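Colleague:
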Amino acid sequence: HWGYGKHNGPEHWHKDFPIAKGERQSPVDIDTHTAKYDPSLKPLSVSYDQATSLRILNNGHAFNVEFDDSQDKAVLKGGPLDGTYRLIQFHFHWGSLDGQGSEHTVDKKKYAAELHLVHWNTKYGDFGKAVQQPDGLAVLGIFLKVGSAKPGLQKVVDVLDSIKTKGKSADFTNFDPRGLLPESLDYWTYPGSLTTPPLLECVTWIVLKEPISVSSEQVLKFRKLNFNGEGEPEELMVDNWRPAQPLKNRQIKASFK
Ligand SMILES: [Cu+2]
Ligand SMILES: [Cu+2]
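In this text, residue positions in the sequence shown follow this note's numbering: the first is 53, and each later residue adds one.
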């Protein structure tokens, strides 16, 4: 009823999810010149040392690498955040070509892909309760550009053959998400939403300024995935990104000058 095709893509989602035309939708274009430095922001605290990855799942729109979120094992704190946010899963959005794929844009520039590390606020007890709150989630977004390989991505790329089609999953233990981060934690932040239906306005977005580099071969493997289930007509899982939405009454803040 929703996807990324011609007939069910972003431009249609409002029919079933009227919040698509809401006041704090994501992604947005990040106008670097109009973002303002906020000296009172903190440094981000990314605490992933005890992360417990469990599984990787092709859900028909992306693949999610899922984590044990039943304890404070892999948490995000600081920055604009009040309290502790637990990592539940990460996934990517990517293009059919290297010139598109990201959801956020930077001065209208599209990156080849975007990584979303999804975290929920522990004050709300579980993910499903957190998405109903204005400060329920914190998503760390990281741009991908094509160049050198990202070594810490390779273990993800190499399991993708085992989850080609919608509904397939595979064990994915002992994966360290720290290997997906860039050097700098400088960031922009703003209040927004989930970027897939149900498009709930529950996200504090934290978008890193510094992209990571991945190789051609790595992104090419993303593009071999399928939106369809096994035994259905093959449709490559590409261009699974929502375009930039109106900023409306929001200001994007920068952690850096
Ligand atoms: Cu559907
Ligand atoms: Cu996402």
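All residues carry an ideal CB built from backbone N, CA and C; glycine is no exception.
Residues in the same chain with beta-carbon distance under 6 angstroms from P250, minus the five sequence neighbours each way, listed in chain order, please.
Modeller: Residue numbering aside, residue 250 sits at position 198 when the sequence shown is read from its first letter. Cβ neighbours of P250 beyond the five flanking positions: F69.
Colleague: For the alpha helix (DSSP H) containing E269, name the first residue and the last one.
Modeller: Your numbering for residue 269 matches position 217 in the sequence shown. Where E269 is concerned, the enclosing alpha helix (DSSP H) stretches over 268-274.
Colleague: By DSSP's criteria, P243 is part of a beta bridge. Which residues make up the other side?
Modeller: Translated into the one-based positions of the sequence shown, residue 243 becomes position 191. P243 pairs with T256.
Colleague: What does the alpha-carbon distance come out to for the pair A87 and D159?
Modeller: Position 35 of the sequence shown, counting from 1, holds the residue named residue 87. Position 107 of the sequence shown, counting from 1, holds the residue named residue 159. For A87 and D159, the distance between alpha carbons rounds to 11 angstroms.
Colleague: When the Cβ atoms of the segment 201-218 are set against those of the segment 261-270, are three or more pairs found closer than 8 angstroms?
Modeller: yes
Colleague: Here's the rule: buried if 16 or more other CB atoms are within 10 angstroms of the residue's CB, otherwise exposed. What is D121?
Modeller: Sequence index remark: in the sequence shown, residue 121 carries index 69 (1-based). With 16 or more other Cβ atoms within 10 Å, it is buried.
Colleague: In the DSSP output, what is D223 paired with across the bridge?
Modeller: Here residue 223 refers to the residue found at position 171 of the sequence shown. Within the DSSP secondary-structure output, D223 pairs in a beta bridge with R107.
Colleague: How about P295 and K197: are their beta carbons less than 9 angstroms apart?
Modeller: Stepping through the sequence shown from its first residue, residue 295 is reached at position 243. Stepping through the sequence shown from its first residue, residue 197 is reached at position 145. No, the Cβ-Cβ distance between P295 and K197 is not below 9 angstroms.
Colleague: Ends of the beta strand (DSSP E) at residue 372?
Modeller: Lying outside 53 to 309, the shown extent of the chain, residue 372 is not represented and no answer is given.
Colleague: Among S214, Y163, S236, which one has its Cα closest to the Cα of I82?
Modeller: Within the sequence shown, the letter at position 30 stands for residue 82. The alpha carbon of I82 has as its nearest neighbour, out of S214, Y163, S236, the alpha carbon of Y163.
Colleague: Thinking C-alpha only, which one of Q152, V170, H156, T157 is nearest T136?
Modeller: For this step, residue 136 is matched to residue 84 along the sequence shown. Closest option to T136, Cα to Cα, is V170.
Colleague: Along the alpha helix (DSSP H) that carries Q206, what are the first and last residues, could you check?
Modeller: Here residue 206 refers to the residue found at position 154 when the sequence shown is read from its first residue. Start and end: 206-211.
Colleague: May I ask whether a heavy atom of ligand 1 can be found less than 8 angstroms away from the beta carbon of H53?
Modeller: Position 1 of the sequence shown, counted from the first residue, corresponds to residue 53. Yes, Cβ of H53 sits closer than 8 angstroms to a heavy atom of ligand 1.
Colleague: Confirm the yes/no value for this check: CB of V183, any heavy atom of ligand 2, distance under 8 angstroms.
Modeller: As a first step, residue 183 is located in the sequence shown; it is residue number 131 there, counting from the start. For ligand 2, not one heavy atom lies less than 8 angstroms from the Cβ of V183.
Colleague: Under the DSSP definition of a beta bridge, which residues are partnered with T157?
Modeller: Here residue 157 refers to the residue found at position 105 of the sequence shown. According to DSSP, which records beta bridges pairwise, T157 is partnered with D81.
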